Amino acid sequence: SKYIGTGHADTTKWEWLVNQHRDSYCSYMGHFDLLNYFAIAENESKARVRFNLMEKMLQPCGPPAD
Amino acid sequence: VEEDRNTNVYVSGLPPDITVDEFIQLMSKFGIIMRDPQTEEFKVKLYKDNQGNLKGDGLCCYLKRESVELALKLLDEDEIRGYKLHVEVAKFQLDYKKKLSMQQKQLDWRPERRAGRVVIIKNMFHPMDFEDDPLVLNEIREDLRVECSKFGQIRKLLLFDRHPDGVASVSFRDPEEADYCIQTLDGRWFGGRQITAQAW
Amino acid sequence: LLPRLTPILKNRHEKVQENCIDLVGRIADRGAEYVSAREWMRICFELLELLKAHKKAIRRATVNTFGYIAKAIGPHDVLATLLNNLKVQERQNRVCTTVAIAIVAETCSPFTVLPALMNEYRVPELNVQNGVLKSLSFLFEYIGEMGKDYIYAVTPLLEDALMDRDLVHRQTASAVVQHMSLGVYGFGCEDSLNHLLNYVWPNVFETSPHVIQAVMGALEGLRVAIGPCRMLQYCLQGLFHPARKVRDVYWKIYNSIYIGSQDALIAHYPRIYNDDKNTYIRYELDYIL
Amino acid sequence: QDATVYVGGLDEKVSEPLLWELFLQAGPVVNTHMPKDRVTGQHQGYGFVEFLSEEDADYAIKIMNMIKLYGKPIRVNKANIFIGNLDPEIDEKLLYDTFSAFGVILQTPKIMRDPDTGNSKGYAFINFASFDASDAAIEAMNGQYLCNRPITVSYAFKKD
Amino acid sequence: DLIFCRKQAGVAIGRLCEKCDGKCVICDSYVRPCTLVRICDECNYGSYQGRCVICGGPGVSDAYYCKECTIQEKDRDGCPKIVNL
Amino acid sequence: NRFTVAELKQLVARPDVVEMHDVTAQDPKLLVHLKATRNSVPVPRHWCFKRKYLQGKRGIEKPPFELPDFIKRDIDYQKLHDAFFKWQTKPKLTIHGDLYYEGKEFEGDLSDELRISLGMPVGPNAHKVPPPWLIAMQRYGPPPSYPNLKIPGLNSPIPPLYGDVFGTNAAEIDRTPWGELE
RNA sequence: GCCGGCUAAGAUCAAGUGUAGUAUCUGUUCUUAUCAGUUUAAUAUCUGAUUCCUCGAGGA
Ligand SMILES: CC[C@H](O)[C@@H](C)[C@H]1O[C@@H]1C[C@@](C)(O)/C=C/C=C(\C)[C@H]1OC(=O)C[C@H](O)CC[C@@](C)(O)[C@@H](OC(=O)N2CCN(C3CCCCCC3)CC2)/C=C/[C@@H]1C
Ligand SMILES: [Zn+2]
Ligand SMILES: [Zn+2]
Ligand SMILES: [Zn+2]
C-alpha cells in the first residue's frame, strides 16, 4: 500500500491507466535507446522529447470522472 | 500365526548394572517405543532373576517394524561401555483406537510455526466487603473455583483481596478453556455487580 | 585410532566435539579402506544427531564428515537406512534425516537418490508421502543449479501431489515448486514450470493460511523463473472480476508482481482503447521508423 | 445413427482403437464406442464406429460385411423355435431364405436387438408352419455350420 | 508483533547470536548465505550497538541474506531488524 | 441503472465471453474487454462453487503412483547412469493456458496380433494374398472416402506388400534446421 | 457411493475435549410461509410488519 502504483479491489480504470502511463514515461526517460527511437521518429532533439514527456507527466489520460 | 509384523525385539545379554532409563534411551535411539494404551510406561520389560538380580536380558516392543529392522542392523554386535549386546526378533512360546491413533499422530508432518491461557476477571469483589466479613472472601474464591472448574481443568487460581478493582487470575491448562470461561464470564453478574473477563 | 576415537563423539564439550568430527572426517576422506562399512554406518547414524547442534562449527564439520562417509561407503545402503529412519521417528530427527538425504544426494549425484525416493511415494499411506515431499523440497533447495537435469523426473509426482485432497500434500508441493523455480533460473526450464503453474494456480482461493503462504511463495518463485509477463497474463481477467473475493486475491498477487520488476511490466501491458472522455492508447510505442 | 455403423461379432482381441484402425481404410472414422458389461466389465461383441460422412459408413458396411476378424464373424450394419449364437451378418430375409430349405415359414422372422445399439442381441425367434419343420430344424439346423458361428436351435415352449 | 523495522538502512552491519548464527533473517533458511545485512541507525545506537537482529541477544557474527532472498531482491527493503511493540 | 446480458452483448465486439455475473461488475466494459485479450487464461471456475475445490466423487480411488518407463528400464554404476540418461524422455506437458480442475482427469495398415487372430497369413514374395475386405473393393470399386489409398492387386503391384503393410496412402524446401549440434 | 431418488450435498446457535496451530464430538433447529430495508456477483443473513376443517382436543 505504501508503494506507488499498487492497487486493490476498489481501483478504477482511470487510476490503473494513469499509473501505467506515468511509469511508461519514466521508463522512456530512463532507457537511452527508446528516447533515441522517439527522437528519430518525430524529428526532434532529445532534450525536447524529454521536456515534452515531463510536461505530459502531470495529467496523462485527461482530468478524472464526475 | 503372525510370522512377520512382529514389532518386538529381544536384547540378548546386557550389563548387570542396567537401569530402565538407559535401556529406554538405547531403544528410543532407533524409533518410537509403543506405549501401553491404558497407561504410561512404554512397553519395555527388564527380565529379572528370582531376586533383585539382573539376568541381563531385555525386551522392547516398537510402534513399527522398520524400527525393529533398524535395531537389528545397528545394535547387533555393538558394545556399550563394557558389554557386548545381542539383538534378535523376540520369541514368544508357551481406548484401543484412541491411543493407537494418538501414537500414530506422533508421526505427522503437520505445519509448525504459528503464534507459539490465563483469564483475568475484574469488578467481582471489593476490599471493603472483606473487612467486616472474613468468610466472604473464601466463599467468593470457592464460587470462582467452582465456576472455573466447569469450563476446564484449572491449574492455578488467585484472587487479589487488596486490589480496588477486584482482580482475579484463573490459569488453566488449555487456552480454549480460558477463552470459553472469558466468553461465559463477560457481562455476567456476581454478587450484584457486573464482572468483566479478559484474556492474558 | 578410529575405534578408540568413536566413543569421544558423544563428549559434550564443543572443542572436543569439533576436533573429533574433523579427525573422523579426515580419516574417512583418506583412510576409508581401513575400517568395515558397518562401523561407518554406525558412525553416520550417530552423526545424524549432531545436525541439531546449537553451534555452527559443529554443524559445518558434521556436514563435511557425513559427505565424506557417504562418498566412501556408497549411497545405496545409507539411503535405505535413512528412508527407514525417516519413516519412524519424531519431528526433529525426521528433519535431520531430510538434511542427510539432501547431503547424500549432493555428494553422490541425485541420479542415485531420486529413484529410491520416488519409489517410496508409491506407498499407499499418508505421513510417508509427506515425508518424501519434504525431502524433495529440501533436496531441490539444497542442490540449486544441479536440479536442471531432474525437473522432468519429479513433474508427474508433483502433479499427483497437487491433485490430492490432503492440504499438507499441496502445501509441500508448492514449496517444492518454489525451490525448484528459484534453483533453475537462466537454464531454459520454462516448459515444466508453466505446466506446474497450471496446477498450482487453482489453489489461490484457499482459506488455510499455511497453504496460501506456500502458494504465494511458489508464485513469487515462478515470477523470477518464468517471468512477469506470464504472471500478468494469469492476473488480467481477475483484476476486475465482479466478486470482491476474486478481486482481493488477484490484486494481492498483482501487487506482489508489481513491486518486483515494475520496469518489465511496461512492455507487457495490454492495449486499452480510448473512451469519449479519456485517452488511453500509448502512441509513442506505435511509431514505426 | 446414419453416419455411424454398428459392428457385431467382436472377439477379445478386438479393441476400441483397433476397430478405428481397421475402419480407417474404408473411411474417416471419427470415433469408436464400445459398451462395457456390468457383470464382466468388458465388451459384449457389439460396438459402434461414428464416421464423418454417410458414404464412408455405407462403404464400411458393404466392405466389412461377414468378415473374419479375430476369429469372429464381424459385420457392419446401418445403426416356436429359438435360435441362439447367430451371426449378425444375416438379415430377416436371409434367415427366412435359410429357413425355407428345411420347412415352410408362417411369416417373417424377427431377431432380438440390444436396447442401446439396436443391431443384434444374439438370439432370434422363428415360427414354423407345422411341428415337422420344427423337428427338422431341431434335427438338422440345430448344430449346422453357419457363417463362422455355431447356431443352436431349440424349442421355445414344450409341454410334458 | 513480529514486525520488521523497514527503515532506511545505513552503514551498520547486522549481527547474529550464538543460537541464530547460521540463520537467514527473512526466511529462516540455513543454506547458502549470500548478502551481508545492513541495519538503520536507530537499531545501531548505544545499548543496541551489538545485538542479534532475530532475537536481540549479544551478537557474535555477521547476519546474512540467503541466495534465495538475494535472487528475489528481498535485501532491498528497509532495516530487517525484528522489532516488537 | 445496470446493463442486461443481452444489452451488453450488443455493445461488445465479442459477445460469447459475456456471462451471467458480468453485468454486475463495477466496470463491465473493461471486464469484457480484458476477457477478450489474445492471451490471459480465465479464472479457476470454482470461485462460485461451495465444495472447497475438492470434489468428493468421480471415484478418485486409483493406483498410488505409476513411475515412468525410465524408472524400471552397488545398485547401478555409471553404465546404468548412461542407461538412465539415454532412456530419459520428456513427459506430457500442458501449454500456458490449460488450468486444472476437479473433473479433467477422467474425461491400409494392420497390426500383427489382429492379423494373427483373424487367420490371415503373412505376405508372400510374388503372389496374390489379399485381405477378405479387398475382394469387395475389387468387385465394387475404390472407396470414395479415400481415393489416394493403394491396395496390392488393384492399384499397387504384387512384388507393394512387405510384412504387415497391406496398403499405402499416396497423396498427390531446405527443411534442415539451422543451428544444431553435430 | 448405488440402481431421478433413497435427506451422508450446505449454514448455524449452546456446551464439552484438546493443540504451538488446525481442530474433534453432542444437542439441536433449519425458515416448509409473504412483503419492505441492509447486504451478497447472485443466494444467504440480519433488521420490521403481516377464520375454516376433522373427532373439549388436533391441524391449517
Ligand atoms: C528443513 C531443513 C531444516 O530447516 C534444517 C536446515 C535446520 O532447521 C534445522 C535446525 C538445525 C539446528 O538442526 C540445523 C540447521 C542447519 C543446518 C544443519 C545447516 O548447517 C549449518 O547450520 C552450518 C552452516 O550454517 C553451513 C552449512 C552448509 C554450508 O552446509 C549449508 O549449505 C550450504 O551452504 N551448502 C549447500 C549447497 N552447496 C552447493 C554447492 C555449490 C555451490 C554453493 C551452493 C550450492 C553449498 C553448500 C547448510 C547446511 C545445513 C542445512
Ligand atoms: Zn532468505
Ligand atoms: Zn538470536
Ligand atoms: Zn531498523
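Hydrogens, waters and symmetry mates play no part in the numbers below; they use all other heavy atoms, side chains included. Residue numbering restarts at 1 for every chain, and letters A, B, ... go by the order of the sequence lines.
- Annotated as anti: G:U40, whose glycosidic dihedral deviates from 0 by more than 90°.
- Between C:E206 and F:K52 there is no salt bridge, since no side-chain nitrogen of the basic residue lies less than 4.0 Å from a carboxylate oxygen of the acidic one.
- To the nearest whole angstrom, the two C1' atoms, one in G:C3 and one in G:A33, are 36 Å apart.
- Figure legend. G:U40 is base-paired to no nucleotide; pairs are counted as Watson-Crick or G-U wobble with both atom distances under 3.5 Å.
- G:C13 and G:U31 have their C1' atoms separated by 15 Å, with the value rounded to a whole Å.
- For the P atom pair drawn from G:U45 and G:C35, the interatomic distance equals 14 Å after rounding to whole Å.
- Nucleotides G:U28 and G:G21 fail to qualify as a pair under the Watson-Crick or G-U wobble definition, as the contacts are not both shorter than 3.5 Å.
- With G:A41, G:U43, G:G21 as the choices, the nucleotide that has an atom nearest any side-chain atom of B:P111 turns out to be G:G21.
- Per the geometry, OH belonging to F:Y53 stands 21 Å off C1' belonging to G:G10, to the nearest Å.
- The pairing partner recorded for G:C3 is none, the criterion being a Watson-Crick or G-U wobble arrangement whose two distances lie under 3.5 angstrom.
- With ring centres under 5.5 Å apart and planes tilted under 30°, the neighbouring bases G:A44 and G:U45 are scored as stacked.
- Under a stacking criterion requiring six-membered ring centres under 5.5 Å apart and planes under 30°, the adjacent bases G:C6 and G:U7 are classed as not stacked.
- In the set G:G21, G:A41, G:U43, G:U43 carries the atom at the smallest distance from any side-chain atom of F:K50.
- Between G:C30 and G:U54, the two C1' atoms lie 30 Å apart (nearest whole Å).
- The pair F:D27-A:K13 does not count as a salt bridge, with every side-chain nitrogen at least 4.0 angstrom from each carboxylate oxygen.
- Distance check, rounded to the nearest 0.5 Å: CG of C:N130 to OG of C:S135 gives 10.0 Å.
- Distance check on atom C1': G:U47 versus G:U40 gives 16 Å, rounded to whole Å.
- Consecutive bases G:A14 and G:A15 are counted as stacked, their six-membered rings lying with centres under 5.5 Å apart and planes tilted under 30°.
- Screening B:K98, B:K64, B:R35 for a side-chain contact (heavy atoms from CB on, under 4.5 Å) with B:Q103, the sole residue that qualifies is B:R35.
- Stacking between G:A20 and G:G21 holds, as the six-membered ring centres sit under 5.5 Å apart and the ring planes differ by under 30°.
- For the atom pair CD1 (B:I33) and OH (B:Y62), the distance works out to 5.5 Å, reported to the nearest 0.5 Å.
- For F:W47, counting side-chain heavy atoms from C-beta on, the closest listed nucleotide (G:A42, G:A20, G:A41) is G:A41.
- If you measure from atom CG of F:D22 to atom P of G:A42, you get 13 Å, rounded to the nearest angstrom.
- G:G27 and G:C13 make a Watson-Crick or G-U wobble pair, with both donor-acceptor distances under 3.5 Å.
- A distance of about 37 Å separates the P atoms of G:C53 and G:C46, rounded to the whole Å.
- Checked against G:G21, G:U43, G:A41, the side chain of C:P242 finds its nearest nucleotide in G:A41.
- Atom CZ in C:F205 sits about 13 Å away from atom P in G:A41, given to the nearest Å.
- Side-chain contact annotation: A:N19 with A:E15, donor-acceptor N/O pair under 3.5 Å absent.
- If you check G:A41, G:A20, G:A42 against the side chain of C:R244, the one that comes closest is G:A41.
- Both distances falling under 3.5 Å, in either a Watson-Crick or a G-U wobble arrangement, place G:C52 opposite G:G59.
- One interatomic measurement links the two molecules: CG of C:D166 to P of G:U22, which rounds to 17 Å at whole-angstrom precision.
- Salt-bridge annotation for F:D16 and F:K9: absent, with no side-chain N of the basic residue lying under 4.0 Å from a carboxylate O of the acidic one.
- Between the CZ atom of F:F49 and the P atom of G:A11 there is a distance of 16 Å, rounded to whole Å.
- When both distances must be under 3.5 Å, the Watson-Crick or G-U wobble mate of G:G18 does not exist.
- Pair assignment for G:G10 gives none, since no Watson-Crick or G-U wobble pairing has each distance under 3.5 Å.
- Only the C1' atoms considered, G:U7 is 15 Å distant from G:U29, to the nearest whole Å.
- Closest to the F:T24 side chain, of the nucleotides G:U19, G:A41, G:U43, is G:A41.
- The six-membered rings of G:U31 and its strand neighbour G:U32 do not satisfy centres under 5.5 Å apart together with planes under 30°, so the two bases count as unstacked.
- In this structure, G:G48 forms a base pair with G:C35, meeting the Watson-Crick or G-U wobble definition at 3.5 Å.
- For G:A36 with G:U47, the Watson-Crick or G-U wobble criterion holds, each of the two distances under 3.5 Å.
- The interatomic distance linking B:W109 (CH2) with G:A20 (P) rounds to 19 Å, in whole Å.
- Atom pair C:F240:CZ and G:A41:P shows a separation of 16 Å (rounding to whole Å applied).
- When the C1' atom is compared between G:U28 and G:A11, the two are found 14 Å apart, to the nearest whole Å.
- Entry note: G:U32 and G:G56 fail the pairing test, Watson-Crick or G-U wobble at under 3.5 angstrom for both distances.
- Defined by atom type and a distance below 3.5 Å, a donor-acceptor pair is present between the side-chain atoms of F:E105 and F:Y100.
- The distance from atom NZ of B:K97 to atom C1' of G:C25 is 11 Å, rounded to the nearest whole Å.
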